[PDB]
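Visitor: Any chance you could fold what I've pasted below:
(chains A, B, C, D and E, ligands or ions: 9)
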Amino acid sequence: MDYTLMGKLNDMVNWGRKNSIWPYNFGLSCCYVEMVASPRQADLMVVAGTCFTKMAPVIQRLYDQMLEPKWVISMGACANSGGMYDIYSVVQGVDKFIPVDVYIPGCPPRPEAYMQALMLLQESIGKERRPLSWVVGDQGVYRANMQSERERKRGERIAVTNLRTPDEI
Amino acid sequence: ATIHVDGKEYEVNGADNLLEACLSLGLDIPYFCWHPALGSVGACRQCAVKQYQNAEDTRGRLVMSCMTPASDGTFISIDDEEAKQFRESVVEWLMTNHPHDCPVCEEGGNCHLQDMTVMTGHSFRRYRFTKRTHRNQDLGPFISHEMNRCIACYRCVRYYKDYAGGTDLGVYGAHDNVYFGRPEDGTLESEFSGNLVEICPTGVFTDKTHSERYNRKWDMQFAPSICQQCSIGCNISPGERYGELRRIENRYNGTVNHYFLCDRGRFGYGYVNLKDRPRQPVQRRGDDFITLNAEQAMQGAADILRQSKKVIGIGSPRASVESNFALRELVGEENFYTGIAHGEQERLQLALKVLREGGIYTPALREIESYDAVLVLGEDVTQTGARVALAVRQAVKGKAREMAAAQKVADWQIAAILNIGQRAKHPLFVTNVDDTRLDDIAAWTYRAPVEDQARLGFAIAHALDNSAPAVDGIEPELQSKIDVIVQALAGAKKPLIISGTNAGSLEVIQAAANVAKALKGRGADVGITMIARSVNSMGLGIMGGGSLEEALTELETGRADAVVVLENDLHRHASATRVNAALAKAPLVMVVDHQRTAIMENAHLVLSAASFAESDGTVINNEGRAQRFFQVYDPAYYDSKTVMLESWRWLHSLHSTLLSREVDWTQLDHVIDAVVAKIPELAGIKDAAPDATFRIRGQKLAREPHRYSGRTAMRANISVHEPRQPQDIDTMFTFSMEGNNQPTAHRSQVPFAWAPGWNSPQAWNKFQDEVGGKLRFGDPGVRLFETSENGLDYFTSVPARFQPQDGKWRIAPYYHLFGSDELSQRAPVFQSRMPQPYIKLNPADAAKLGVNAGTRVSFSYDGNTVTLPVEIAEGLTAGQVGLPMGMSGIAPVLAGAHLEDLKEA
Amino acid sequence: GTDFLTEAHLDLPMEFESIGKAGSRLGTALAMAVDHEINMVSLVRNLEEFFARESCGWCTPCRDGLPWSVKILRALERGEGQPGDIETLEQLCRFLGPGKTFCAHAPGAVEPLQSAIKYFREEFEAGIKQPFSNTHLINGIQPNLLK
Amino acid sequence: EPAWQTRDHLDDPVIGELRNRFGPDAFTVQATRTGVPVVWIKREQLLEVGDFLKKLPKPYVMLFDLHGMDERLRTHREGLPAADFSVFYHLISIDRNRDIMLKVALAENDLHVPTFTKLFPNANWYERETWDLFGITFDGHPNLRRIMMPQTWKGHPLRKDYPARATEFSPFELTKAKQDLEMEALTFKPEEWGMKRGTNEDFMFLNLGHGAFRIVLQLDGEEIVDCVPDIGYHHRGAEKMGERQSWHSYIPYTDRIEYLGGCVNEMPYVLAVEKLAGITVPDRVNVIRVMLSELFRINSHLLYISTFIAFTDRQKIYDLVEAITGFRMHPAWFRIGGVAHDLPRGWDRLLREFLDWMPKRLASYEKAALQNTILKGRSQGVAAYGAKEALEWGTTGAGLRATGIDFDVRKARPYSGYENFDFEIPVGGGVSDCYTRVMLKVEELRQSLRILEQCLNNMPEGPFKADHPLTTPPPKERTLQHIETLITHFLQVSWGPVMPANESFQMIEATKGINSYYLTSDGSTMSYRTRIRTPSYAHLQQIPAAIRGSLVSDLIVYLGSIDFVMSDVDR
Amino acid sequence: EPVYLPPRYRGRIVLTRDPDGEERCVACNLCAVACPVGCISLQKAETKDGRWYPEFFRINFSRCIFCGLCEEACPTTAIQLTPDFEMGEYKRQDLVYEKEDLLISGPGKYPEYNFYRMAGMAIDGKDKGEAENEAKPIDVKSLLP
Ligand code: SF4
Ligand code: SF4
Ligand code: SF4
Ligand code: SF4
Ligand code: SF4
Ligand code: SF4
Ligand code: SF4
Ligand code: FES
Ligand SMILES: [Ca+2]
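Guide: Numbers count the residues shown, from 1 in each chain, chains lettered A, B, ... in the order given. Ligands and ions are numbered 1, 2, ... in the order given. Below, you will see the structure:
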């Protein structure tokens, strides 16, 4: 797969960053209350809620306080795009101002969708190349262009024929 | 008159019926078979109200409000329970046989039947039996036929036959198997058949051109615009979706084109959606074609234009007033040339002089319907100015209107009017080189060469007023028919003289001016109408400039080494060999245009101008009315690399880069101020529409309806990030629904008609002061000039009779509503409707040549031999040959020219 | 086009006003006798078929409401009537009266129906045998069970 | 004479009293469908009318609502004074069990009203929001600053000429706002927040962080001497969105206000729309709506009681709600004239399993909360107010009933057939502290379980949608089979249902107090005005008047004891 | 364990097919206008027999709130919300689902409804008069009165 801007131990580093992820769940709105450490210690920011203009600086500041390597998971339609609130007081998406690694649709998403997003982030972390040290080697981060989850899951989704009727519980 | 509706007192017009009087008051009565332009017939039985004898009456009686006069002291109830139950029952009876078709029906969301079903509150079906079904017909490329959806309201036949004068649509059958259509499959033959898609309250007659690329009404982006396909200036609402122009709706203008368009304006819009249009500036370097953005195109053009000694500019009657003015400012006043030929310019300037100096009032298109006798000289109105022909048909039916009014029959009781006035009609005298479509209602048709038509006009003017120059050599039978014309015109209270520049004869315009002056001197309330060729022919005539021949002379002599051609193909106004030679000699050609023309192969730079859909501007009517057209959509919203600016914007920024080496993308109001400051006879165009700072209680005017969908998905395949809403700095309209389109808003520019409960074209009732009247706060548009205090003198240049000289063939112009206009004949749906190119011959001339009907003859014009199949024309005269103007290879400038070497190929 | 009359109305003089006061009209004064072997539902069905197919198609109540009454009468003649059919016939009679339609064809059409429902209602009610249904079951959608 | 009929309420005794006091030409009575007498008052008599209503024999004691309205585009103003803007004041007399609405008309060039804060202290935040969203100045207001938008905001969003949709994002303004938040504590002027005596060398300023909101604290040592909370960080523009969606398509937005509520939030909106539409829903619709609202009320009460001190009960409730509606948190299931679908076959078993499992949990929660002595020492007596403070601050729900005032909307002003259910309204003593509120929430949980038991025992058979033509959408099987039903469905889901021009009002007992929708239709398919009164706004405004002289930990306990979420505050 | 979802669950949106195997969507655009967020876009196209179908059909799932108003507004039961929630993505552009990402190979939750069997518009396999509760077309030239 393509990558966008001595080998076994790099894989071990990716494995350690993959299996050790300390999240910082930002509350924001109802997505966090569906889902229900300091930003210095956290390496994952889970933004789940409406990005209001009055606390977009709060999100930006708490993201800047985090330390590399850092990853962002955006839960719900508000954090992905603004959702149903295309309105004067709402920022239309988290990725307007901070980069997002995984997106989850929903309003709110289920908690096991958050677990699925954690699995996807673990794969993305395990298949990436980052500098080993700040004095030796290339100081560039190579994100891998993963195959999209809708192209990967297309066959089993299109193969669906019948569903249970909505007259039952 | 005073009426009492539900205990509330209203003051109405007593000459109205109750339906139109109550709809004018804002009351909602359901109706199908009534139309404001068609009258009342009482078919659908939907408009029932309860009329009481007096104030102290409670029983009452159900009456049809469309058939009941709004007399003084009337007492009615709309919300009476019996009336509401009966109206719901009528809707239910219509619903019994209606197909389950709304998702796959083009009328959905725009359907009067849907609106009236919801308005009566009928939503529960208890009919359990079968539905009658019908076969459909093929009605041609424009109208799609779906007979299942018919509610038998008879609006189509009343419009098409009684109003429009068509003959091939009718009602067939009986009890509940009534069928509305043609006697057999075939194209509907009326030039105004396209108004059936708004006349029909259901989805029987639908816009087939729109149906190919269908979208719902709530998804359209609309703008108020002016039709660009002839000089009548009918108000239109073009609506677009996904970056392409989807539909042309009628925009109600009570002064011009009230409810109706012609088929050219309604269906010839398809050239806007052509894929060969220039979408980005292109500079030819060697054999390569480098694509530029706006900035470096302006810089390179300014550098090359600064290095040249003299720059000339060639305008067009297609372009707006602002575009031609911007070209005139860029090249200078003395270097600006109107893009039309010398004879065309002479006829156009004479028509302008007659209109604004002849002392005779020129009527608006709606006012044409109130004249008592019509003389049409040389102008094939139905093929060149079609809506004038429709208005002339109404003016002719005015005699039956007067006869019925003499028997105290109400104005709206149309069936009684047509029964009283059986075949009596106001006099119509048409003159042409052959038969016209107005001959069915014409009192007399004169088929003659344009010299003889002019001589007939001069003879009529002399017989009305002996001070006019006389005509020598009139035959006694022609003299008797002239006397019939003179008796009909002299007895008319409001005679109307219609002529125009399409005959290719200056003398026809002079004769029409003489007839109008002679009738003015007798005290008649005479009006005169001039039909020009193009959308802004009158504006280009007012602005003035040299002819195209002078510009080609400047290019060929080498006095001009740079030419800027604005929206002109130059082959319709001059010979193509001369134009190609002059443009090949010039070391710099810059073509500012929105259509891929044949002169762009010689062009060093092509500026991708916008069409009427993507531009704002002002165009001048054939009656001298300045009208704004507003931009429908931003072309760069979907394709980000599209650089398609207004022509005045291109030329103003080019002038600014020529002077101060900085681009200046100006504003429309600035250019309009420049026009009204420099050209004082175009000063009326400032008042055509309010400027860009106009607001309705602080908000702009919406281009799209409130329920516009796909706001976060229509561009999502390009990018999931929703782009910036395009900002309109030129006009008061916004490229969003965040704006006002209220029916009670104090404005005259209405992009589209929608009211809650009224989704169909019947929503225009809410936007009018009275139904069928004007718009509530005035119709848009302003007359540039008033009637002159003193008129002209008589034109003494009476031409001689036509003489067929051997070897020469006078070209008689034949115009086609589908084909003669340039941009509309570029539209793909016109190609099926376009007649095959036939060269028309007299039987005697074809017998002299030995030529039969259908064999191909070759003729040479300007040293160019072209071949056409022969059609025999009995109405044509000997020594004349008939040619279809504006088709492929036959320029309209050929009208009146002679022909050489006509022989069988 | 005239209303049916019973044995009690046989003693009335054949005048315009005397028969007008009885709930009918004199008409052409050519009377037709209906014996006990003729079913009134079939007779009115034949009458309404004539009146429905002799409509001119101009106006909505006759053109679209006479065929509905015809189909209801065919159902009642076959015994396939459903509840609300007699009420539908009565409101068709009430809404096809004078002034509701464009001409007098439809009031004359609904006069026999009105008179036969008024007098011989037992046959029209005997035509109704099936429960009312114009909607079938759609598999995944629970119906709105009105009362 | 249906419950949705347009009435003028001229037979209300308050109209006669105002007529005898001020004269017959001093006010204009408007006939509405609000169920409330609406009188237009001159601006120069507003304080006189308010003080007269404060002093009646059964006086109007609570300012329920105060907001503005842009009347410029309203084309149906028959029988109304000439107004470009207007301000309305909804006042409630609990003793009279009545309410009145006062409307003051304002011309566009003179947009100032006398302040109402001397008569009713909750008018402070209500007038601040009216200034923020409409630009209407209130003369005599102490700190008339913006409360929803930031202070450096241009324009007033609820005006008709303000664009609703989101503007283009600017990274420069984001960096500027982050810079301002960086130096906010450095340049904290204690006058742009209404404070005074800013820095006796002992007053310290603190900024802090059920939703996220910042409260500015003035401390003398450890004591709180003054505090102003900064709200608006969760402002979604739900009312502006009300003017941009159709009547049908706005229902999910009703859901997202008070996200613990769900169908409880849907209920007052659809009831007010049905008042506008002239719809009387059948009994099965009433029982379905009551049952879902009580399930969500139990869920919210369980979350409040647990977070005051848990998961399995809420999981069972969300499983039942997901079975019925298809979604846990935001069902969007109520409709104009009914509900989206019928009850699924098998809902009886799920509700019976939930009801046969809940009383043991009720006993567990009573043991965990009422008999906990450490909780009874921690929560008793901290931030307690009486009936007088509850009335003057618009406190509703558990706090108002904990002050001993027996005012529940389900019994005082019954809606959706709540009068057909046998249940009790628990009231407390004269003191509304944390422990009394928790006791009342537990007793309300028990009564909601009783209501659910009655919903299960006799569930009416019938339609889940009304027979009205304005029922949106129509029943789906008739839509798929019948053409007139298809036409109605087509126009209702696309252009929208046409509500005839009127004003309606519905107030309900939400999970945290009284929630109300005030809807103005101008005859169109969208709302001309959607005003949402939420209890959390009035409960947050009462906080500075109840912790004067307390500690910061007492403030934290008070925040935990007041049932509120910030989406309800800011909407 | 696998997560249980009720049959009414409002998860991933699909487009379904009629029992004859053709796609149910007639591109009537009712779902797009009924969407409160505006995240459905489609274009009507027509086959040679006259059958309406979506030329394209895209849903912005980064914008969708899974409220089910599109399914409620569909008059053909083409668009359906299904019990499936696993829809996470790496790029937000990959949350734009086109028609080949939505069109399943069966009827979904409504196994038998066919809109075209009810519509009076003629298509292939269904002439005039062949829809439900439809009589055969009587020609205007027929001999019967
Ligand atoms: S996506 Fe939905 S549930 Fe999540 S924060 Fe937004 S409105 Fe709340
Ligand atoms: S004509 Fe109107 S009512 Fe009939 S199918 Fe078309 S949209 Fe529906
Ligand atoms: S085809 Fe249309 S206009 Fe003609 S009668 Fe039928 S519904 Fe009326
Ligand atoms: S008459 Fe002329 S201006 Fe009017 S619609 Fe036809 S082409 Fe256009
Ligand atoms: S009542 Fe008369 S006008 Fe009307 S359709 Fe019948 S026969 Fe024709
Ligand atoms: S579920 Fe709701 S938000 Fe999603 S596409 Fe359908 S209508 Fe739009
Ligand atoms: S509502 Fe249904 S049939 Fe109509 S466009 Fe949407 S998915 Fe297709
Ligand atoms: S509109 Fe009056 S009967 Fe048709
Ligand atoms: Ca522009």
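Visitor: Which residue ranges of the stretch 301-450 of chain D form helices?
Guide: Secondary structure of the stretch 301-450 of chain D (DSSP state H, counting those that start in this stretch): helices located at D:312-325, D:347-355, D:358-369, D:373-378, D:387-392, D:398-402, D:409-412, D:434-457.
Visitor: Would you mark the buried spots in the fourth one?
Guide: By neighbour count, with 16 or more other C-beta atoms under 10 Å in any protein chain shown as the criterion, the buried positions of helix D:373-378 are residue D:375. C-beta here means a position set from N, CA and C on the backbone, and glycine is covered the same way.
Visitor: residues in chain B within reach of ligand 8, list them.
Guide: B:19, B:31-34, B:42-47, B:64, B:66 (C-beta under 6 Å from any ligand atom).
Visitor: Restricted to helices, list those residues.
Guide: Among the residues of chain B next to ligand 8, the ones falling in helices (DSSP state H) are residue B:19.
Visitor: re the thing from before, quick check: which of the helices of the stretch 301-450 of chain D is nearest to chain B?
Guide: Smallest distance to chain B across the helices of the stretch 301-450 of chain D (C-beta to the nearest C-beta): 24.8 Å, for helix D:312-325.
Visitor: For residue B:208, see how far away the residue of the stretch 51-200 of chain D found nearest chain B is.
Guide: Residue nearest to chain B within the stretch 51-200 of chain D: residue D:161 (3.1 Å; C-beta to the nearest C-beta). For residue D:161, the distance to residue B:208 equals 41 Å [C-beta to C-beta, to the nearest Å].
Visitor: ok, now residue C:40?
Guide: Taken as C-beta to C-beta, the span from residue C:40 to residue B:208 is 52 Å.
Visitor: which one is residue D:331 nearest to, not counting chain neighbours?
Guide: Closest residue to residue D:331 apart from its sequence neighbours, by C-beta to C-beta, 6 or more residues apart in numbering or on different chains: residue D:325 at 3.6 Å.
Visitor: from memory that neighbour sits against residue E:9, does it?
Guide: No - with contact defined as C-beta atoms under 8 Å, residue D:325 does not reach residue E:9; the gap is 9.8 Å.
Visitor: ok, residue B:464 - contacts?
Guide: By C-beta atoms under 8 Å, 6 or more residues apart in numbering or on different chains, the contact list for residue B:464 reads B:486, B:489, B:490, B:515, B:518, B:519, B:522.
Visitor: these two touch, right, the first one and residue B:465?
Guide: Spelled out, it's residue B:486. No - between residue B:486 and residue B:465 there is no contact under C-beta under 8 Å: 10.2 Å.
Visitor: Around chain A, which positions in chain C sit nearby?
Guide: C:139, C:140, C:141, C:142 (C-beta under 8 Å from any C-beta of the partner chain).
Visitor: Which member of these is positioned nearest residue B:718?
Guide: residue C:140 (36.3 Å; C-beta to C-beta).
Visitor: and that closest one, that's in a helix?
Guide: No - applying DSSP: H, G, I helix; E, B strand; the rest coil, one finds residue C:140 to be coil, outside a helix.
Visitor: Ramachandran coordinates for it?
Guide: Reported as degrees, to the nearest 10, the phi and psi values for residue C:140 are phi -90, psi 10.
Visitor: wait, isn't it in contact with residue E:111?
Guide: Yes - counting by C-beta under 8 Å, residue E:111 is a contact partner of residue C:140 at 7.0 Å.
Visitor: intersection of neighbour lists for those two?
Guide: Residues touching both residue C:140 and residue E:111 (C-beta under 8 Å, 6+ apart): residue A:165.
Visitor: the more surrounded of these two?
Guide: Applying other C-beta atoms under 10 Å in any protein chain shown to residue C:140 and residue E:111 shows that residue C:140 carries more neighbours, namely 21 against 18.
Visitor: distance of the more buried one from ligand 8?
Guide: 41 Å (C-beta to the nearest ligand atom, to the nearest Å).
Visitor: For ligand 1, see how far away that residue is.
Guide: To ligand 1, residue C:140 is 27 Å away according to C-beta to the nearest ligand atom.
Visitor: Contact partners for that residue?
Guide: So residue C:140 contacts A:165, A:166, A:167, E:77, E:109, E:110, E:111, E:113 (C-beta under 8 Å, 6+ apart).
Visitor: before we move on, what about residue B:479?
Guide: residue B:459.
Visitor: That one should be in a helix, yeah?
Guide: Yes - assessed by three-state DSSP, residue B:479 belongs to a helix.
Visitor: Isn't residue B:872 up against residue B:845?
Guide: No - Residue B:872 is beyond contact range of residue B:845, at 9.5 Å (criterion: C-beta under 8 Å).
Visitor: And these two? Which one has more around it.
Guide: Taking other C-beta under 10 Å, residue B:872 and residue B:845 do not tie; residue B:845 has more neighbours (22 against 17).
Visitor: May I have the secondary structure class of that one?
Guide: Of the three states, residue B:845 takes helix under three-state DSSP.
Visitor: where's residue A:74, which helix or strand?
Guide: strand A:71-75 (DSSP states H and E).
Visitor: Strand partners (parallel or antiparallel) of that strand?
Guide: With DSSP bridges as the test, strand A:71-75 is paired with strand A:44-48 (parallel), strand A:102-104 (parallel).
Visitor: how about those strands, which one is nearest ligand 1?
Guide: Ligand 1 lies closest to strand A:44-48 among the strands paired with strand A:71-75, at 6.6 Å (C-beta to the nearest ligand atom).
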